[PDB]
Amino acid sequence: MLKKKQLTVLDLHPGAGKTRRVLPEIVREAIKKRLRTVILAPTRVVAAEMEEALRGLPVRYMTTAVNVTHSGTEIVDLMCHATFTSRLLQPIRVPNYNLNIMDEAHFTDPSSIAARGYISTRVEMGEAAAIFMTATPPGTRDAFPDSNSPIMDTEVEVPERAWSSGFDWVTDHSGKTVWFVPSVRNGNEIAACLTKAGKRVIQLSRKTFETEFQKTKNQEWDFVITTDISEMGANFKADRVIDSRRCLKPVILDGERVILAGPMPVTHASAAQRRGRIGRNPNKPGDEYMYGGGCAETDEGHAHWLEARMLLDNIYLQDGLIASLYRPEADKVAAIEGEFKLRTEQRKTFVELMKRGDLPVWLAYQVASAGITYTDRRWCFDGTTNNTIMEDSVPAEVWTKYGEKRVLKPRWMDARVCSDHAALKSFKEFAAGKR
């Protein structure tokens, strides 16, 4: 594995021990061989779990998720996928790591795809080694991989709205359920229905994950209602998964707007990871996987792969050379390598609109490539009427930085800025000049 020019896919089944057994063996070998190593965790929760598995090994934790006094002699760095890609885009020197280890390497957020493209390009150049750890590599067609213990797989109609009748099996259960929903708003309605039926419900999504995930350890619960973020190494002491088998697909329409299409079927990889939350205890056979639809390759034409190209076009590799997407995920949506490469000041604007602005990649790119500076928010108000953002069926309004009350009507409409109440609140603060 550890030889220059090798990319290894470590594709042991979910719960096989990639994170807690194999990763420390890899790191000890890497240290013996004096390999400057990076370990990429998908989330702060996984970063903290890795610290427990690696405790006693000299690892530099480049995350506030871990409170450790570093020796300053570590040659192994650990950070999140997003942090790696962020530091590559910033005017900060990222070491040319000899060994690049990506845990939960199926993650399809743009920064994870971009990190795989950068790393796989360095390996192809003959510069580095890489290990991608995941039960479900890109293009897997198996939604039912092996598990530590037998799983009961059942195809069943799964509610996606509040219900009064016809789904007794949902609430008759006396254990712990992880339920994958396609969106925060859909989980909100299911969670309210379960809470009314007397259940204890925890909701997880990207923006809430570190904080809310701790509740799954610190309090008794009957249901976790989660988006797809729990596919990325989230472990639960559960005995059932309920899987809508649905997700939202961001889609760029006519190069000019992003919609959240669907809900529509998950990929096989997503279905396998959702299912893979259970069957993990070799002493507890018969965990249940209830699934409410089929799989499809909904990663084709999905905006994240075009967003990953926007990121990689703006990462220095060598002269004007541009890192390719990792080959198995490289031909999922039309892109021309280099088409999104920005001149120095526009690139800085692009980076800040993502880092400080918290805007989606695609929307950051539209603003930066238009020659708009980071603090110029006039574009948030000068779009067509059909780009009016709505709040409870009325046009959303903010006070501009000038003190003027204006309707929020962005020049470029990206549905992710108002996917839920928290997103809309954040975008209103942005439009107002508050960050």
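Start at 1 and count along the sequence shown; that's the residue number. Just so we're on the same page, rigid core means the largest C-alpha set that superposes within 1.5 Å between forms.
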(request) Please pick 265-273 or 325-333, whichever has its Cα atoms farther from the shown form in 8 other deposited structures of this protein after a rigid core fit. (result) 325-333
(request) Identify the stretch, either 362-370 or 44-52, whose C-alpha atoms have the larger mean B-factor according to the entry. (result) 44-52
(message) Going by the mean C-alpha B-factor recorded in the entry, which is higher: 246-254 or 75-83?
(response) 246-254
(request) For the C-alpha B-factor as written in the entry, point me to the maximum among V68, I39, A30, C380. (result) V68
(request) Pick out which of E352, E231, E212, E307 has the highest C-alpha B-factor in the PDB entry. (result) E212
(request) Give the position of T400 by CA B-factor within its chain, expressed as the lowest, middle or highest third. (result) middle
(message) Ranking the modelled residues of this chain by C-alpha B-factor as given in the entry, is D287 in the lowest, middle or highest third?
(response) middle
(message) When the deposited Cα B-factors of this chain's modelled residues are ordered and cut into thirds, is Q273 in the lowest, the middle or the highest one?
(response) lowest
(request) Determine, from the deposited record, the chain-internal third of the Cα B-factor for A115: lowest, middle or highest. (result) lowest
(request) Select lowest, middle or highest to describe the third in which the CA B-factor of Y316 falls within its chain in this entry. (result) highest
